[PDB]
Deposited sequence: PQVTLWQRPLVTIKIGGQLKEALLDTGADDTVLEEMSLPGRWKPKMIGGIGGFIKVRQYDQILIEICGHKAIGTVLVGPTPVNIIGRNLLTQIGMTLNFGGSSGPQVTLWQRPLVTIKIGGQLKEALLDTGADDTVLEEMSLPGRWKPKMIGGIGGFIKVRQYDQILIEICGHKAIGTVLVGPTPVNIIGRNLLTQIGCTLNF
């Protein structure tokens, strides 16, 4: 299956005898699921995201059937606003990004040129918007609140901003604010023709 990014890349998973929908998220190292009944021993853990950190219960060796393919790995269960399948499981079902082809054994980073500055950013299929750490961008901008794993953040919204992603030009809305990592979301990914394959 090859999926485009005009809509959130949602997939049906079966975990612990239960059926759920989850997001194929190349920007997440870990798999994080909403509170659910899982059998076995676990360990408390803390994970960071936009908005901050959340405490999760970690389970190892959990079998998950993602879109009909089986995979075994670590799954985090916690207060996520969405069920996220991270790179730990994505590599197992052979998922790749194509825009070049990129496997997910390492974070999918690219160099972008924006506002005359060079930065590295993460190709993030789980993000609807593009969010960059604080930087010098010209023009008028509007305050906006975006939520994420740790909660929400106020960002400045700039529209019609030119970005050159891995040598591809794209124009769109760019959010500037307190992100821990520069994220290139679906609003720009669909412009450089990014597809997900598994």
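Positions of the deposited sequence absent from the coordinates form one stretch: 100-104.
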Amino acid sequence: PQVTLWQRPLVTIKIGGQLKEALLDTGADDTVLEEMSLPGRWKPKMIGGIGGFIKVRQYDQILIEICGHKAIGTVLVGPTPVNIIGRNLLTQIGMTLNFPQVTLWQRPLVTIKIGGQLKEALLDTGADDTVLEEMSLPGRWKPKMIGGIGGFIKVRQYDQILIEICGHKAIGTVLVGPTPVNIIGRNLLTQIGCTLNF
From here on, numbers count along this sequence of modelled residues.
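Just going by the entry, 74-82 versus 117-125 on mean CA temperature factor gives the higher value to 74-82. Averaged over their C-alpha atoms, the temperature factors of 86-94 and 100-108 are higher for 100-108.
Annotation for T31: CA B-factor lies in the lowest third of the chain's modelled residues. Among the modelled residues of its chain, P180 has a C-alpha B-factor that falls in the highest third according to the deposited record. Among the modelled residues of the chain, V3 sits in the highest third by CA temperature factor in this PDB entry. The entry lists a Cα temperature factor for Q157 that places it in the middle third of the chain's modelled residues. The deposited CA B-factor of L38 belongs to the highest third of values across its chain.
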